[PDB]
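What follows is a single chain, given as structure tokens, in the form deposited in one PDB entry.
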């Protein structure tokens, strides 16, 4: 029989509605993990007959609790979690030399890898991140452990062994071209041998500055021949953009550097995208490539602003990311709030005529990012057929950061309680986390 039947309010997004609130509904989850039905509780009779369950098998949620889809982190450096909440005081390129490269260099030690990676998987899960797209480090074996660790905890993920054969400011932390290609192939081969249910390898050129043309082309080939996803960074910072102009002056723009070396495909996510032009956004659209909007990082490192309205105008797929540790928060709730705020910055400065609503950003954090990752057919909202990736919100949880009032339920501020959670909530309101139907939080 069914693994779960839930009764209560369900808050999710569709392609035509940024936030649909489905009150007093019944959702059934199969033994395999799929949403098997979702209907008004009025159908409890017809559904108990169909699906052969007794009413005492229904779990009824508290009247002030709601389920929402698990949050989808489309860009996060697992290997930088050690110093997250720290060190956001140099712009990207100097930041990388001083903090990031020495940090990821520690991962040659596999026992150090185990500590940091165990903490970020658990930390991100307890904050409702059910799917993470991870940058690991250049070390295949330590990166393989990250995959093993996400499997062990039941997080859905892409794990990416980072490829870098150029590193002038910290030459200790790099590979040769040959080594980088051979180790990517070993990483992918050993990942696929594990046959994990929901952790996949992702082809991870660090970015143009770190990768020769040979490296980039070959990584594009591994992606194509093996039919794999690609992640990298693009156009985050102005000095980065100039530094690519001067390292790669034969290419019209940053997007072209990747495009012509076969690293801009329809399974490609690119972090940041702040200085992509309209023409570059057209090519993303044409290639089917996605952007991870990382607004905390973009403010914290003084990089810039992604104009998300324009990305949507161009019909480029887009999710939200945390980008730990350039963005200091591990929480996709922070990513949501920061995304709202950055859309407000562009309104204040008269770049756009409107800002983004909280519900639209909620949709980016869940359904949008599921699409940025090509996983929108299995996750991102509550559609029959989909995996049950879900977080249970109780805004009146023990020690809750939220104060609820009678007016939040009976006054004139529409979905006041959902808003209070999205703006003020933390992991204390996230009572239960589900991935693929199984309860992964609380931890055993």
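Rigid core (definition): largest C-alpha set, two forms, superposition within 1.5 Å. Positions refer to the first chain, counted from 1.
The same protein also exists as the form deposited in another entry; that form is not shown, yet it is the one meant from here on.
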Practice item. Choose, among 383, 415, 39, 57, the residue with a C-alpha displacement of 2 Å or more between this form and the one not shown when the rigid core is used for superposition. Key: 415
Check your understanding: Against the rigid core, is the Cα displacement of residue 286 between this form and the one not shown at least 2 Å?
Key -> no
Review point. Core aligned, does the CA of residue 81 move at least 2 Å between this form and the one not shown?
Key: no
Point to revise | Large Cα shift (2 Å or above) at residue 345 between this form and the one not shown, core-fitted | key: no
Point to revise | Residue pair residue 93, residue 233 - Cα distance in that other deposited form, closer or farther (3 Å or more) | key: farther
Practice item. Taking the shown form as the reference, report whether the CA atoms of residue 414 and residue 430 lie closer or farther apart in that other deposited form; the distance changes by 3 angstroms or more. Key: closer
